[PDB]
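So this first bit is one chain, no partners, the form deposited in one PDB entry, shown in structure tokens.
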């Protein structure tokens, strides 16, 4: 009567297969890691790609571990990073490469769309922020640059539905992730004909987007009992938001991993000129609650520094970085130059030098620059979001692997001047589990699931410190 649900959560820098054990009567929810694996960009034939075959093998390995253990799997669900897709021919073989959102193939195409279609027009139709690697632009790149591939394409599946298909033999187009494409009309929740026309994609490559909770198909443990594969809020950030223990309308979220996604939830989208000017997104959420948010380049910058400087003790780095004075190096992390530079440290240093700032050079200085520059951007965006909705926030919920960074947690609470509640760490995994339980009739809605998370997970309070260095710095920039 306890349910065993397996969540697959694939992020840009890691993948995980996790097993939840849940039972309603007890309000007890546990999560065990079954298989954790690396994920990352691969340079393949002049492209930045995903190794989807290794990802599938990793997923199967995790699933088969649970099976060989003799556990009764009640359901499986898959969430991944947004925007990206896999093209398939009529027989289900991949067409072309699985190109990553960090690929430069899209360069220039967002501007071209704004010029040809109208910036305001794309925004009012999609309600989605302008990011140069949005699916809208990737499909333009594909169809413009690889016209020979086009006749072979029968279907495009977004990443989570791709793996769900590889498990079930059934195709799905999950709503929350479809919204990341900047191809879904915000008023119809279906593909926008005009945006598809510009992208060169064909509507027949897709299906009407379907809200999470449906059973996509079934998977088979090598013995042969049918395990339902459920369509969850398959956009990782959508899952992370479900698991954020939001307490009513004055709570915001910060989903912190490779990206930092900072936002709130709304029953209605914001596509006004205020929203457009701020480049705010209205991503699809479970229950139709829009995730009104902004992308922030996030810990990606630090991931790259760690590789370049060959730093393998992140906790030590954070500890060292706490000793450094704050706010002497400030970059704008959202600057396009940081999406995928060949030389991350060099790019950071150039950006600082261009502003007549001291140059961050030590490992700890580069991390200090990153953490301070994120926190100042956190404060800017949180202000923009409050201004937009016309309602303050009383708490910021930070979730994701980034919520383990106690330094950044405090800088965020200090810069924003808001209480920060950090946790759960694996929020995307938990939200993935939450949706499965709802399909299993074990759980009634998101708000009920948040009560489970809030009484189950480790939640750590960071109280804003008004006399902090960054508080001092921010107070000063106000006037």
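Residue numbers count along the first chain shown, from 1. Note that the rigid core is defined as the largest set of C-alphas that superpose within 1.5 Å between two forms.
Absent from the display: the form deposited in another entry. The rest refers to it.
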- Query: Superposing on the rigid core, which residue among 272, 214, 332, 202 shifts its Cα by at least 2 Å between the shown form and the other one?
  - Reply: 332
- Item | Cα displacement of residue 169 between the shown form and the other one reaching 2 Å, rigid core superposed | no
- Query: Fitting the rigid core first, would the Cα of residue 310 be found 2 Å or more away between the shown form and the other one?
  - Reply: yes
- Rigid core fit then residue 462 CA moved by 2 Å or more between the shown form and the other one: yes
